[PDB]
**Q** 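Sharing a structure here in structure tokens format.
Here is how names work: the chains are called A, B, and so on, in the same order as the sequence lines, proteins then strands, and each is numbered from 1. Computed over heavy atoms, backbone and side chain alike; hydrogens, waters and symmetry mates excluded.
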Amino acid sequence: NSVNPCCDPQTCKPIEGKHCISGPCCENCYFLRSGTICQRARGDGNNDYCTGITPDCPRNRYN
Amino acid sequence: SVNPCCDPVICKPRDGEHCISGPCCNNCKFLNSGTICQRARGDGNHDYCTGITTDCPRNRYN
């Protein structure tokens with residue numbers, strides 16, 4: 001395929017002014033707002049939330 | 001261009017490589033832990049490569 005639209009292939013980092021490349025908590029090259037729900041849990045009330053500072057979906061620290 | 005270390009579909013270092021550029025990166029790999037990356041002006045507190053990142057960190061004794 002092509003170079004990722006968020007990627008600057010000269011640096012291998014996000015294009016200047018953007019936050020991120022891909023991931024459940026990245027959209028349009030920016031971090032989704034902290035508290036955005038990224039995975040709802042099965043059994044309980046412990047869901048996983050975007051951090052606002054990273055592009056992954058962090059495991060809720062309570063479990 | 002694209003830098004020879006970059007996978008531009010992922011925007012990460014290519015398979016088998018460590019890093020892209022930086023004082024503690026050479027040919028897409030980290031320089032060994034303890035390699036001097038900047039010699040101090042006064043006295044002997046130099047800055048050293050970590051072995052696991054491409055930056056040159058400030059000496060912690062200051």
**Q** Would you say the SG of B:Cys6 sits less than 2.5 Å from the SG of A:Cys12?
**A**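 B:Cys6 pairs with A:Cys12 as a disulfide (SG atoms under 2.5 Å apart), so yes.
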**Q** Taking all non-hydrogen atoms of both residues, which atom of A:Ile21 and which atom of B:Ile10 are closest, and how far apart?
**A**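 Shortest heavy-atom separation between A:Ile21 and B:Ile10 comes out as CG2-O, 3.9 Å.
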**Q** Can you see which heavy atom on A:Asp8 is nearest to which on B:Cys11, and at what distance?
**A**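 Looking at all heavy atoms of both residues, the shortest contact is N-SG, 4.2 Å.
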**Q** Closest heavy-atom contact between A:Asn1 and B:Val9?
**A**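 Closest pair (atom of A:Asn1, atom of B:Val9, distance): OD1-CG2, 3.7 Å.
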**Q** Once ring-ring contact (aromatic ring centres under 6.0 Å, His included) is applied, do any residues pair with B:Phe30, and if so which ones, sequence neighbours excluded?
**A**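 Partners of B:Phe30 by the ring-ring contact (aromatic ring centres under 6.0 Å, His included) criterion, ordered by chain and then number, come out as B:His18.
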**Q** Counting only heavy atoms not in A:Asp44, do more than 12 fall under 6.0 Å of its CG?
**A**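 Yes - once you tally the heavy atoms of other residues, nucleotides and ligands closer than 6.0 Å, there are more than 12.
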**Q** Counting only heavy atoms from other residues, nucleotides and ligands, does the tally under 6.0 Å from NZ of A:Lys13 exceed 12?
**A**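 12 or below, so no.
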